[PDB]
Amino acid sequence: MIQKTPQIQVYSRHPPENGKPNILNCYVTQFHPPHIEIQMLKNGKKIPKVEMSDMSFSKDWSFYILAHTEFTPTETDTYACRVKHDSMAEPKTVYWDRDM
């Protein structure tokens, strides 16, 4: 019952340059319970070999985790992070915005 909705940030490790290999990050924070499912997407399709960091929690007790995968940003492909957590009745999908 003590639930906290996760905050989600989707961003690249290095400045985005269409055509050049990079790493896409999905930083999920401020959530509780610790149980959480994260999937990274490319044009609505799950990206294979997505790496999950080990989970941790911050000074305010809320948990956080970092999911990341290799990707090559383009002109037309879309990238997003879909998070399923008990605090939400439905999975939340956040798209990558290269200006954020």
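The term rigid core refers to the maximal set of C-alpha atoms that superpose within 1.5 Å between the two forms. The numbering used is simple: start at 1 and walk along the sequence shown.
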May I ask which stretch, 55 to 63 or 26 to 34, sits farther from the shown form in 7 other deposited structures of this protein once every structure is superposed on the core, judging by RMS CA distance?
55 to 63
Going by the mean C-alpha B-factor recorded in the entry, which is higher: 5 to 13 or 81 to 89?
81 to 89
Of 27 to 35 vs 71 to 79, the stretch with the larger average CA B-factor in the entry is 71 to 79
By the record's CA B-factor, is residue 62 among the lowest, middle or highest third of residues in the chain?
lowest
What third of its chain's C-alpha B-factors does residue 52 belong to: lowest, middle or highest?
highest
